[PDB]
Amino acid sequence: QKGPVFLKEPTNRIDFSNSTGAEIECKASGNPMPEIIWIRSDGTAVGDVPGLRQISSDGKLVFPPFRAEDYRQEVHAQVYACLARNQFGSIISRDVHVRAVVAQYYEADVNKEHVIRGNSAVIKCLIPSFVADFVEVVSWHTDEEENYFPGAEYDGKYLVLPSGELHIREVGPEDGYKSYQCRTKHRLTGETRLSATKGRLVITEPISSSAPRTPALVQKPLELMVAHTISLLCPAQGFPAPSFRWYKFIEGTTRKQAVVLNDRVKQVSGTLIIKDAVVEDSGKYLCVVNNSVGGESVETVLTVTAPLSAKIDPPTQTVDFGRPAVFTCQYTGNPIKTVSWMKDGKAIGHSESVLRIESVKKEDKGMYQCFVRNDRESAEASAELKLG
């Protein structure tokens, strides 16, 4: 009567501490009822590893809480998938990236920030790259007991940016007598802590003029989710204190247009702040920095991501021998890196949205799937071909 279809698939990412453990679930319909098999996304079947990974009932793959000593990479840093299968054929779920992280001490640092008097300053909370997936800045604190939270600007001067930095307008020599520490939160342990070091502004008096200079290391391409607020920085120091202008390149050209500042898109000193991000905010942005001595510019690439989904039209069709079978994968999300097709769990080497079988023979019956992928996400849709 029916080939398998997924009712419930596990999400693309399962991140958890060794204390929390995890369970992921896969449910499929069909007639006869499909067997549910857990595999590594590569295709190997996976089994029971005592205390670490348990195929449970209800179709649940269970990662019990475990001691640091019992960490196993092949179990705990692994991409899994669910394979649903009956006599009519096989479907494979989206990828399931499992990352069990053993609770472990980390610290964030705040270093000295050297600035020319009169310029803006950006104080950064430095989170080691290998924990940064799990740690975010909550708030900023000074020795004089000022506390700054994400939201509005304080005293026309201090702003905690959406990207976590503390932005300070128009630094004066008095600003060198404060030190700054950030509070960070680890989303897998739920713990918060203050930074191990405190940072201060070191203010240089402007005695010589100088053209704006930007740092050697600049923001690599960004990927940020729709509906969130984005901030693009443009760090630069010079004397006279420079002014800042943002542009967005016209895609595929060397031509650019001035970013249009309004209710949604605002500029704070050299920082561009985009609220309620939409996919069309993606692109290459250029910040141009000027004073009466000279100018400089830096490019930043932004991709605003949206969740991947896929659906095949039609869900099932019956086609008489020798006639054509067409399946159309319809998808949403951003970016889409690839579209690719599978038949009963095996790649069939077609990478376009519409799959056409010219003349249906007997071994063309079975389950077909469309997968849409980018670097972080995957989504699948399935469909059945029956012979008439």
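A residue's number is simply how far along the shown sequence it sits, counting from 1.
- The question of which stretch, 252 to 260 or 300 to 308, has the higher mean Cα B factor is settled in favour of 252 to 260.
- Two stretches are in play, 68 to 76 and 310 to 318, and the higher mean C-alpha B-factor belongs to 310 to 318.
- Per-chain ranking of the deposited C-alpha B factor places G156 in the highest third.
- Sort the modelled residues of the chain by CA B factor and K346 lands in the highest third.
- When all modelled residues of the chain are sorted by CA temperature factor, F130 is found within the middle third.
- Remark: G270 belongs to the lowest third of its chain, ranked by C-alpha B-factor as recorded.
- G172: CA B factor lies in the highest third for its chain, per the PDB record.
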